[PDB]
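Asker: Below is the sequence, then the experimental coordinates.
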Amino acid sequence: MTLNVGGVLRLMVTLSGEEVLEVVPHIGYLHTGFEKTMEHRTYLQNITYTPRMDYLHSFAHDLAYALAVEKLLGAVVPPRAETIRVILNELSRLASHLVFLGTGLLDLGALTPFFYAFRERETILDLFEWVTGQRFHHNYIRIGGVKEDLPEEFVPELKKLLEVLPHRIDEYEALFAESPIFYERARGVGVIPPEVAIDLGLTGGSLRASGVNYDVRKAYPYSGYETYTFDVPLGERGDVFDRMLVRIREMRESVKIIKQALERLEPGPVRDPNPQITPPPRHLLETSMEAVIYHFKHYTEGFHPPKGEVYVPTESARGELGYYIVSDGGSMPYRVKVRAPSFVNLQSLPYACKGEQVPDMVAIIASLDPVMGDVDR
Amino acid sequence: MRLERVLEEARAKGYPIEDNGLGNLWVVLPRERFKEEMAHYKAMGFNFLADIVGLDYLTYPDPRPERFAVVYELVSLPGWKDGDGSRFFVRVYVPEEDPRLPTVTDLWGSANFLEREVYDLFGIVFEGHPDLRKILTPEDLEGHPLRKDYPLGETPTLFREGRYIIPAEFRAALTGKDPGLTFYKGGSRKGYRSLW
Amino acid sequence: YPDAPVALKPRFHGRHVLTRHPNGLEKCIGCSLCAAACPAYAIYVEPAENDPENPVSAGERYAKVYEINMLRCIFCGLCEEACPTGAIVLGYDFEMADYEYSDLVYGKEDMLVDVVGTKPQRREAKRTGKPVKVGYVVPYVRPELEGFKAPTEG
Amino acid sequence: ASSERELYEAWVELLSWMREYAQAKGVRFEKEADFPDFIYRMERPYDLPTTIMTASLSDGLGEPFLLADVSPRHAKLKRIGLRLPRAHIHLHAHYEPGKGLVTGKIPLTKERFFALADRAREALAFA
Amino acid sequence: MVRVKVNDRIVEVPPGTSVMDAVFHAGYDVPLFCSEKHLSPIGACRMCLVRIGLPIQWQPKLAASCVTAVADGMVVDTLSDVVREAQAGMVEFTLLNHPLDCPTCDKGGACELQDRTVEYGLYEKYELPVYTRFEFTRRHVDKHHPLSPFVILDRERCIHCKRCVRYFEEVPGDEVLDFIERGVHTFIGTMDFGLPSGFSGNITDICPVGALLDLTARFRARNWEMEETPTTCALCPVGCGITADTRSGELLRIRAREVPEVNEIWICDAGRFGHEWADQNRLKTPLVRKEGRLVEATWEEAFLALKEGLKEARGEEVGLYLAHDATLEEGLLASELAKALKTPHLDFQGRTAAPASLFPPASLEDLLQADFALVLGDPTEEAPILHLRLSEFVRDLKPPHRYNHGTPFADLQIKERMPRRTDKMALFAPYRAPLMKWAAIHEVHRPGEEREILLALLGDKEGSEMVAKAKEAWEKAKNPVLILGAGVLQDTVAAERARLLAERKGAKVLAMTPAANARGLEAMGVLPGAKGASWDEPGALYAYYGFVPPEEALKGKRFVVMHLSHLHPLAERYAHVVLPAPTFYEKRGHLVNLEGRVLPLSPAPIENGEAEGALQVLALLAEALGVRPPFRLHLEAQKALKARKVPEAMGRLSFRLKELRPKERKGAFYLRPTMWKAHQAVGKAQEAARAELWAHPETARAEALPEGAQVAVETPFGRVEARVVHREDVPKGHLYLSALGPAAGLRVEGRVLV
Amino acid sequence: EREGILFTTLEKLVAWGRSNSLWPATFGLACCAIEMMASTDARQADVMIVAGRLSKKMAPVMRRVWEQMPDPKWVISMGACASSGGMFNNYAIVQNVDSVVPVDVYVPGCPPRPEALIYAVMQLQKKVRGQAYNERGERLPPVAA
Ligand code: SF4
Ligand code: SF4
Ligand code: SF4
Ligand code: SF4
Ligand code: SF4
Ligand code: SF4
Ligand code: FES
Ligand SMILES: [Ca+2]
Ligand SMILES: [Mn+2]
Ligand SMILES: [Mn+2]
Ligand SMILES: [Mn+2]
Ligand SMILES: [Mn+2]
Ligand SMILES: [Mn+2]
Ligand SMILES: [Mn+2]
């Protein structure tokens, strides 16, 4: 008896009885085709195309890409930019997570706790609007560093929210930890054998939720995470109960990265002053012929990175993420392969919920935290 | 250190070793030796298979061995038993007339969805995959989008009074193989890199 | 809350506005640099030679036609960024929904600084004889929107 | 000093004589170029009196017989210049306190300017 | 060949090579301002400096790679800190007095100065980078000033290369531009105000910045915004490669497309500035006559109305008349339509009495390699680019070697201010022709008299002194070439003697045919049959027209179908079914060169309206005549040509033809062949494509004609107003009319209405 | 009848009627899907709102969803990707959902603020009341069928 159940994902769940014989997923419904259309844009222009895949923890795509390029032509990210980029990155982590957490607070009936998760997120998003002028898809990260400096109001407001979160995250851990129903709901279901997750590449930070200590910010450190006080949460046996919790723990360790980085924030530059890589200061466009030539040239046909191939792996709210850029010495990238954490993450969903019940199979996917934009792109 | 034992081995065995100064390194295996040699790689301690990226080299300014090529990312998770964190890329060029290349399905289970995308978007066939079916591109779509000679499929954007724009005739940005708007290109716009 | 005006930050990305200097000259010199940086091909520019007697801008070049497809537009501010003159600057309006595709391609006269309201707002406020009421409030106007009088009581 | 402002003040007036002589002897006055420090000044402040940096008195063909210019607000050694194109003759008017506009030691009055423009017009103008 | 080692790469390369070419030949690069393909190289900008080693014994100073020869076993370093520091410095000296216009400047993203600055300047010395060192008052001068109605000059932007002034002296030979003062004070200027030569638009594509710009296209779009359509220029027999630039259906600007075999990188002014009319006023729907007038009709209503006027027609009363610029495909179908539908009269707008196919075609290549140049006609006006291959031929220049990057950047063979050889050519023309300067043996005859000059050259009469020195010259000539255009090819007598002289001596010919696709249409069999009805002889009774014929051929006929592109007054009054047609700019298919080369036409995104190519219109009017045509579209038509075995693009197609239909000459007026064509008198080309009337100052004033008066004149080809000119070189008691069409080199009646 | 004060004054009553019994049925795709679940959280169905990039694979689906609806019905398009093809001009995305379904109102934004989508339905609201005209001056038909 084959039923056809199909977020914007479709599932061919084959099932006689009440168990689950085999789930055969079908994706391609949000296939925008970023990887092709990006072979047809500037390096600067692609910074608008990265946030649009994982639109939830979007900043990680921004950063993952900017990283592979900066390496490629060799740019030096100013101290102040490096700092603002981790605050900004993790402030985006909480946004994605808060959502995964929120979608959980409803399967679980907890309602005032949810109406709060939404308010937190809205307060994170207003911060984004404060510095980037948008809720998302902020065109803020740059190959040099960042678009511009941050406004005066940003620090004081980040302090408010960074002040009420500390124990706030604990409160959520609490409701799920002291799991009234949640226990009988998630504890057994969704078996992730440590050594099979490492076969299907379920990097998803719901990998460590099944006893594997692999977070890329630790194993292959990048934007100066190399130098932060950093706890990588773990889960005992890879069920959904632990997956849900792992992600709540990750929220504190984010909040601590934030406080830590917020300290080492001294005034300075925000992007690499190299004329070849970064358009000239705005004010001398009325004076230097070179500036004008540089500025004009910069914004029309971009700059040209050397012939070569690069890959830097980064950690998102969904696992390994990183752009594989083949440069041909042009104004635009020759190939742009994006490592979708959410795409490999889903091969571990047929095994995830095999033989299990059925109405459970909702929470059995929600726990894999997939964003279709990421899988399909 | 599990990586040095790969390199010390490819050196003796005539495998080219590719290295960019940025932190990535390759090892290009021939067509035949690829199958088995890769199985040997997992046995060597290579846990996790990160990605598999398909490459079309048709419109690349410099010439390469054959048109298509596939790259794999083998790792040893630092979060397990005796994981180093040794990661690396292995490349296989693949003839234009023979899009055939064995599956790694026996070895890594990641290679499932990853090989079908490389088959859907590039025309590359994998000998022995559970089911080589399209993944992302609509069912009736004919051909293989991600390869160079298949049209991006753009449409002119429209404005008020017969004023349209054709992107393919508008892009100021050059494209590697393009000589540009003046007579030729040289210098920093033939490829540029700072000196840290 | 279509009753209480939504406060947006002074940095927000709203309906593009073209600015003027004090002199009253338009800041735009129809260089079409903004259009050239637009990732979405949503700006069309036709230049024109200033009239020495009756000038539009400062150089020998001003913008005869200036058109942005508000449907195509993604709202990066890349255009505001590429501009050499401080001409095209994203403003605050967002209440700009409409019925016929080609009505949403704003023109130069929909965006000059003096203009107050989005296309649909002003049009309705036309056949109604009732002033335009914007639905936003901002703590203050960016320095970059010098002139753009809007609801800033804060 | 504050001379810079009085020199620019004097740039306006020289321009004033140009427009006068122009309408007067019925010969084309042509604004040749604006200050890029106005065109490309953005949100930045601008207090100068005009936006015209290069002026000229051209003939019927449009070929000039008199060229005039002052240096931008951001350039060093500000001078206002007069050149007879084609006849190799360049002038450099500075600004002295109390004295006024000088070409070194000789005051550059309306009269003296008109003299030069005439000499130039009769001699140089092709049509 | 010689062995050179650029940086880490070694290359073969012939002795004379410029180090600049040898450098680029290894696939390297170097700043390059003042040197240009096909011009004399001089180190003037001082940009292309390299370091040279020659025993390794580095020479002490840096060399201008563009004017340095290559020696055996020489090393060339283009990457040293010594090189690169010097470059960035030289880029700085350039941008020093430059204006700051980039956004406003029309030289946009296609500006060599801009590209070279971002490439080789702002040097990395090993935080805050310094963009500009110079902090003084930049050079201020004359700005936005038009030199001609086609060319506008910004002197402030000029970087003092010599690209322009050099070119005028060297290529066409018209020194109408030079520098003026000296020091930092020097500038480009003119005293020959109009910008005289008919090759003045070329400086437009060379000038490395936006000093010298195409005014025909001022302020339209930025260079990248233009969609570029490579095609061929069909305004005459040479068929120069061009690029057609368009944005939103309208025609913005014409430029030159390099195609070294034929024209090199040069276009003629009519070729480049007469586009005003092809996007401006045009017929957009099919017209049909109702009540003594024409009105709008669908292609449906017009296919029927066309079935009507022809239902009452026998297949031998049918006329098939194409325009001069019809495609090689449009002429093949018309040949077959007229073959099956047995008719004697099918012809083309420019057809010459004596077929250009008579003679063996000569390649422009051959012309440079030839020994003597026998010319009857004015190349300047008939086949303008021939002016420019003769400028090279006169200087003894010969076909350069071909490097990896094609035509050399610095041909050491071209010296600046080269001497010109007057012993190499002979010109014969109804007037003081331009290139008669570079010809010793020159003589001014009167219209249609070549018949006699040609007899003399064979050796059967006595010509003037010049015509004797000329016979003797072609005598001693080792491998000469014959060039001839109007009267020779329009007059059976001359043309027959012509082909004879050049038969005896094994020499090839350049027929400057008044029909553009002339050599090719003839190759398709689009020549009238025994009957006689030609493109100007009102003969048939029902006919198709691809143009506007002489009023004399319309008046009478029972059914007329004009397949125009614009609406003539002579059509809205004598036409029954008018059909919108595309220009050659928006067509597609092939042509054949005055040298027998087959060139391609590609279709520009111009506003065609409801227009359909004659290939379609012909197929549609073959149905309404019975037989179903063998040609539908281009893809399939291509098979039919490939069947007759016509070579691919760029190849030459050999095809001789012995037969000639003469006609008499009512010698009162002469249709002086001109460069500008008559339908180009739009906008700016308005004044330059006006008509002219030339007569000797006595006869001139004898027939009441002041030196500068606007006279109306009537010919078999129509009533045209025209400026009147005194010329002491015009033969007494004749009048020269500007033959601004493909009816040039004709003798006709007519008079001056008052 | 059809054009008589009586009839007309009913159909103006009926319109004003279901001008307030509008029952939005959101159809989330990508990023736009989540920015609407912020306006749903702040306060059989007619009025499908298309919110996100409409894939070509996904298109025939939204097709049936739309067909199998009641009849007095309206479509709202949310942001750049639904309205035009968005910044995504290529083989994989429909270049205006109006290719497949009659769009009644179009709302610019990427994605549009939540408070702008409120304005978007106040528009389609005042349009089924038949009180809306385009920029030419023409009165607009309440439903696009
Ligand atoms: S905001 Fe971005 S998408 Fe919109 S017009 Fe400006 S550059 Fe284009
Ligand atoms: S808005 Fe700015 S960038 Fe756009 S055409 Fe005007 S001056 Fe140029
Ligand atoms: S000539 Fe070149 S460098 Fe000078 S203003 Fe024009 S584009 Fe800029
Ligand atoms: S006008 Fe142009 S081509 Fe002539 S010298 Fe000056 S820069 Fe060179
Ligand atoms: S010589 Fe003839 S083919 Fe060449 S540009 Fe001039 S008209 Fe065109
Ligand atoms: S319009 Fe923008 S926000 Fe909405 S789906 Fe498209 S990319 Fe996402
Ligand atoms: S000196 Fe100008 S290119 Fe050689
Ligand atoms: Ca002038
Ligand atoms: Mn507790
Ligand atoms: Mn299980
Ligand atoms: Mn296939
Ligand atoms: Mn200033
Ligand atoms: Mn001017
Ligand atoms: Mn035109």
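Answerer: Looks like it arrived, so ask away. Numbers count the residues shown, from 1 in each chain, chains lettered A, B, ... in the order given. Ligands and ions are numbered 1, 2, ... in the order given.

Asker: On the three-state scheme, the residue of the stretch 351-500 of chain E found nearest ligand 4 is what?
Answerer: Distances between the stretch 351-500 of chain E and ligand 4 by C-beta to the nearest ligand atom are smallest at residue E:416, namely 13.5 Å. For every residue, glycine as well, the C-beta is placed using N, CA and C. At residue E:416 the chain is in coil, as set by DSSP: H, G, I helix; E, B strand; the rest coil.

Asker: who's in contact with the nearest residue to it once chain neighbours are set aside?
Answerer: In space, and not counting its chain neighbours, residue E:416 is closest to residue E:40: 3.5 Å by C-beta to C-beta, 6 or more residues apart in numbering or on different chains. By C-beta atoms under 8 Å, 6 or more residues apart in numbering or on different chains, the residues touching residue E:40 are E:166, E:170, E:414-418.

Asker: change it to 6 Å
Answerer: Residues near residue E:40 by C-beta atoms under 6 Å, 6 or more residues apart in numbering or on different chains: E:414-416.

Asker: Can you tell me which of those lies closest to ligand 3?
Answerer: residue E:416 (24.3 Å).

Asker: In the chain, where's the longest helix?
Answerer: In the absence of a named chain, this looks at chain A. Using DSSP state H to define each element, chain A has its longest helix at helix A:79-107.

Asker: my question was about chain E
Answerer: Per DSSP H, chain E has its longest helix at helix E:81-95.

Asker: of all of chain F, which residue lies closest to ligand 5?
Answerer: Taking C-beta to the nearest ligand atom, chain F has residue F:89 as its residue nearest ligand 5, at 36.9 Å.

Asker: State the helix or strand in which the nearest residue to that residue once chain neighbours are set aside lies.
Answerer: Spatial nearest neighbour of residue F:89, chain neighbours left out: residue B:154 (4.8 Å); criterion: C-beta to C-beta, 6+ apart. Element membership of residue B:154, judged by DSSP states H and E, is empty: it is in no helix or strand.

Asker: With residue A:127 instead?
Answerer: helix A:112-132.

Asker: ok so, going back, identify each buried residue in the longest helix of chain E, please.
Answerer: For helix E:81-95, the neighbour count (16 or more other C-beta atoms under 10 Å in any protein chain shown) marks E:83-84, E:86-92, E:94-95 as buried.

Asker: Would you state the helices of the stretch 551-700 of chain E in chain order?
Answerer: Ranges of helices in the stretch 551-700 of chain E, per DSSP state H, counting those that start in this stretch, are E:551-554, E:614-623, E:634-644, E:685-688, E:697-702.

Asker: Need the winner for burial among those helices.
Answerer: Of all the helices of the stretch 551-700 of chain E, helix E:614-623 carries the top mean neighbour count, a mean of 22, counting by mean count of other C-beta atoms under 10 Å in any protein chain shown.

Asker: Can you name the residue of the stretch 1-150 of chain A nearest ligand 5?
Answerer: Taking C-beta to the nearest ligand atom, the stretch 1-150 of chain A has residue A:40 as its residue nearest ligand 5, at 34.7 Å.

Asker: quick one, phi/psi of the residue of the stretch 351-500 of chain E closest to ligand 4?
Answerer: phi -70, psi 130 (degrees, to the nearest 10).

Asker: Also residue B:7?
Answerer: Main-chain torsions, residue B:7, degrees, to the nearest 10: phi -70, psi -50.

Asker: Skipping adjacent residues, who's closest to it in space?
Answerer: residue B:17 (6.6 Å).

Asker: Pull the number of nearby residues for the one you found.
Answerer: Residues lying near residue B:17 (other C-beta atoms under 10 Å in any protein chain shown) number 13.

Asker: Are we agreed that it is in a helix?
Answerer: No. Counting by three-state DSSP, one finds residue B:17 to be coil, located in no helix.

Asker: Distance check, it against ligand 3.
Answerer: Distance, residue B:17 to ligand 3, by C-beta to the nearest ligand atom, to the nearest Å: 45 Å.

Asker: do you know how far that residue is from residue B:24?
Answerer: According to C-beta to C-beta, to the nearest Å, residue B:17 and residue B:24 sit 12 Å apart.

Asker: How about residue B:126?
Answerer: Distance from residue B:126 to residue B:24, by C-beta to C-beta: 24 Å.

Asker: Residue B:110 contacts residue B:50, doesn't it?
Answerer: No. Between residue B:110 and residue B:50 there is no contact under C-beta atoms under 6 Å: 7.7 Å.

Asker: out of the two, which sits in the busier spot?
Answerer: Using other C-beta under 10 Å as the criterion, residue B:110 and residue B:50 rank with residue B:110 on top: 26 against 22.

Asker: residues contacting that one?
Answerer: Residues near residue B:110 by C-beta under 6 Å, 6+ apart: A:200-201, A:344, B:49.

Asker: Next SSE downstream of the helix ranked longest in chain D?
Answerer: Determined from DSSP H, the single longest helix within chain D is helix D:3-24. Per DSSP H and E, the first helix or strand lying C-terminal to helix D:3-24 is strand D:29-34.

Asker: Contacts for that following strand, please.
Answerer: Contacts for strand D:29-34 (C-beta under 6 Å, 6+ apart): C:52, C:58-59, D:18-19, D:22, D:51-56, D:58, E:143.

Asker: In strands only, show me those residues.
Answerer: D:52-56, D:58 (DSSP state E).

Asker: Among these, which one has the most neighbours?
Answerer: residue D:56 (27 neighbours).

Asker: Now do the helices in chain F.
Answerer: For chain F, helices defined by DSSP H occupy the ranges F:5-18, F:32-36, F:59-67, F:79-83, F:114-128.

Asker: Among those, which comes closest to chain E?
Answerer: Of all the helices of chain F, helix F:79-83 sits nearest to chain E, with 22.5 Å by C-beta to the nearest C-beta.

Asker: wait, does the closest one contact ligand 6?
Answerer: Yes. Contact between helix F:79-83 and ligand 6, assessed by C-beta under 6 Å from any ligand atom, occurs at F:79-81.

Asker: filter the residues you listed down to the ones close to chain A.
Answerer: Among the residues of helix F:79-83 next to ligand 6, no residue sits close to chain A (C-beta under 6 Å from any C-beta of the partner chain).

Asker: my guess is residue F:114 contacts residue F:40, does it?
Answerer: No. Between residue F:114 and residue F:40 there is no contact under C-beta under 6 Å: 9.0 Å.

Asker: Fine, thanks again, bye for now.
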